[PDB]
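One structure is given here, and the rest of the page talks about it.
If you read the sequence from its start, that first residue is 1, and numbering goes on from there. Both counts, for ligands and for their atoms, begin at 1 and track the order of listing.
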Amino acid sequence: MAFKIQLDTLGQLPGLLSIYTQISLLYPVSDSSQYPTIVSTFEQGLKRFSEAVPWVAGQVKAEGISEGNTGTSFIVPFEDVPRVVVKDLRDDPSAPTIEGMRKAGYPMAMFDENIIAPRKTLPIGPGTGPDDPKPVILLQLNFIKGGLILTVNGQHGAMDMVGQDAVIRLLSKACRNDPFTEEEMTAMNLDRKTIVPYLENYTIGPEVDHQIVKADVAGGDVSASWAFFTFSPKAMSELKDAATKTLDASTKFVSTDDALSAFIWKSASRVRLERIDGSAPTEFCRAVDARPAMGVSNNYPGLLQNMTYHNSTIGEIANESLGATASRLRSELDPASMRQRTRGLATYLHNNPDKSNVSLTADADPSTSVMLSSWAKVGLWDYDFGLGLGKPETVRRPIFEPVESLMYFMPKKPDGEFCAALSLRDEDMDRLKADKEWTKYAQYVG
Ligand SMILES: CNC(=O)CCNC(=O)[C@H](O)C(C)(C)COP(=O)(O)OP(=O)(O)OC[C@H]1O[C@@H](n2cnc3c(N)ncnc32)[C@H](O)[C@@H]1OP(=O)(O)O
């Protein structure tokens, strides 16, 4: 069995290219007697999964690279099964414990990628060189006192987080020995290089606004930190209520996700007034799953994502109502618009052997921007992997190097709790944490 699956055209984008997406699921473990079965069940699952869908055990490999041709990458064979690393941290005094996690409310700092992940997010350190293999997925099982942390790394050219969730979802089935449906098997096997229909005779249009690096425009792929903040279900509904009451006339409704995204942009912009003038431009870059606009199954495991861009000034965003800000976000989510824009980006990339200038954050200034990726809608809270431990107690992204203005929403807890990971420069983070309008809704976790 061999395969040579060309990445999604969108997955040829440089910045998605060299990165691994990480996610950790924490389960309590009653007795250390349970670990060997945990591991063998997980092993057997990975083998079953690889037998059904061989490419999940592959690697991403570029070819045709030269001066001004940045190449084309393909998923190709690597090893028999995806690699899992098993790490026993029960007796490591620098490791988290289930009780430490519970007491601190599952802070990002307790999910240190160097301790609990099989490879770093960024191409930093040993084994991240261009000739080093890039496995499509990598797993780590970490035994901690009273628990288990399962970490999954997805090669970002091969998958966005919606695609990674679909892969993980089927891994959970395989661990249970539950059969895959025909639609799942079809979705996992759709050809990627044709999944976004190209535009005819396309050169450059507004579709790729904010996505091509230009020498006179700041942006592209100071002391700062990461922290989780939690938003209770009631905080979430109160933010949505506040937004709904203050919508633009053009805007019939906004979502829970819109209202939190808007509240973050407003709160960042507000504290930033303490260090820059209100006239400073500010861009919100919001990650959007493009599967629905493209008519693609939610089970498609690839990379089919874009961003929406929202430009204003720090003072306008801080001072306008929450519904005014949420309306800006929702205004860019028309499916026909998402579809045309995504087709345009894919067509531009297709037409250009040198993709080095294309970036989803090409004109985002880290000082004043927000680059937010919501994972709120993914299904990770529901997977038990046949381990007999119940559902995840939490689902958190590992901490890595601060990236100013980069932000995530975690998969939404079933009760509706949101967890936002923010990376900000220290003076912003410090003011935010002390800011009364922020802490009215946001509980700092760290
Ligand atoms: C890298 N990250 C990614 O891949 C990003 C993943 N996320 C996405 O792409 C998401 O679609 C998103 C861009 C983040 C938008 O997230 P949303 O949760 O707003 O989803 P969306 O489907 O646009 O809208 C759903 C909301 O709209 C609401 N809605 C839909 N129709 C109506 C209507 N007729 N009247 C009132 N509300 C409506 C709906 O009730 C949802 O609200 P809520 O209950 O969740 O508050």
| task | Would you check whether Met161 reaches within less than 4.0 Å of ligand 1, judged by its heavy atoms? | result | no
query: Would you call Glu63 and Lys4 a salt bridge, using N to O less than 4.0 angstrom?
result: yes
Ranking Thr21, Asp257, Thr244 by closest non-hydrogen atom to atom 16 (O) of ligand 1, top hit is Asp257
Checking heavy atoms under 4.0 Å, the part of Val288 that sits near ligand 1 is both
Residue, atom and distance of the protein heavy atom nearest atom 3 (C) of ligand 1 read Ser374 O, 3.5 Å
Check: If you measure every N/O of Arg330 against every N/O of ligand 1, is any gap under 3.5 Å?
Finding: yes
Geometry only, no angles: is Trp375 polar-contacting ligand 1 at N/O separations under 3.5 Å?
no
ask   = Would you say atom 19 (O) of ligand 1 touches the protein, meaning some protein heavy atom is under 4.0 Å from it?
value = yes
Aromatic ring proximity, centroids under 6.0 angstrom, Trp438 and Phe231:
yes
Pair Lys440 + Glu238, salt bridge at N-O below 4.0 Å
no
Residue, atom and distance of the protein heavy atom nearest atom 12 (C) of ligand 1 read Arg286 NH2, 4.6 Å
**Prompt:** Would you call the rings of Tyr444 and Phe229 parallel, tilted or perpendicular if under 30° counts as parallel and over 60° as perpendicular?
**Reply:** perpendicular
Atom 25 (C) of ligand 1 sits nearest the protein heavy atom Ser255 CB, 4.2 Å
Neighbour count >12 (heavy atoms, 6.0 Å) for atom NZ, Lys391:
yes
| request: Mind running side-chain hydrogen bond (donor to acceptor under 3.5 Å, both in side chains) on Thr325 and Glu320 for me, showing each step along the way? | output: CA-CA 7 Å; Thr325 312; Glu320 77 183 5; 2.7 Å; yes
Query - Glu207 with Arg341: basic N within carboxylate O range, under 4.0 Å - result: no
Checking heavy atoms under 4.0 Å, the part of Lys377 that sits near ligand 1 is side chain
>> I'd like to check whether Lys240 has a polar contact with ligand 1, where a contact means an N/O of the residue lying under 3.5 Å from an N/O of the ligand.
In response: yes
### Query
How about atom 32 (C) of ligand 1: does it have a protein heavy atom within less than 4.0 Å?
yes
Exercise. Are any of the protein's heavy atoms under 4.0 angstrom from atom 5 (C) of ligand 1, yes or no?
Worked result: yes
- request: Consider every N or O of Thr256 and every N or O of ligand 1, then say whether any pair is closer than 3.5 Å.
  value: yes
For atom CZ of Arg425, is the number of surrounding heavy atoms from other residues, nucleotides or ligands below 6.0 Å larger than 12? yes
Closest to atom 9 (O) of ligand 1 among protein heavy atoms sits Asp289 N, 2.7 Å
Counting both backbone and side chain atoms, is some N or O of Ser373 under 3.5 Å from an N or O of ligand 1?
yes
Next on the checklist: Assess whether a salt bridge exists between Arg291 and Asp289, defined as any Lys/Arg side-chain N lying under 4.0 Å from an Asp/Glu carboxylate O.
Outcome noted: yes
- prompt: Under 4.0 angstrom from atom 43 (P) of ligand 1, is there any protein heavy atom?
  reply: yes
- [ ] Using a strict 4.0 Å threshold on nitrogen-to-oxygen distance, state whether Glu393 and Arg102 make a salt bridge.
- [x] yes
task = Decide whether an N or O pair under 3.5 Å exists between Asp258 and ligand 1.
result = no
Salt bridge check: are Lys193 and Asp8 linked by an N-O gap of less than 4.0 Å? no
Among non-hydrogen protein atoms, atom 29 (N) of ligand 1 lies closest to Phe253 CE1, 3.3 Å
| Does NZ or CZ of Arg396 lie under 6.0 Å from the centre of the six-membered ring of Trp375, at an angle within 45° of the ring axis? | no
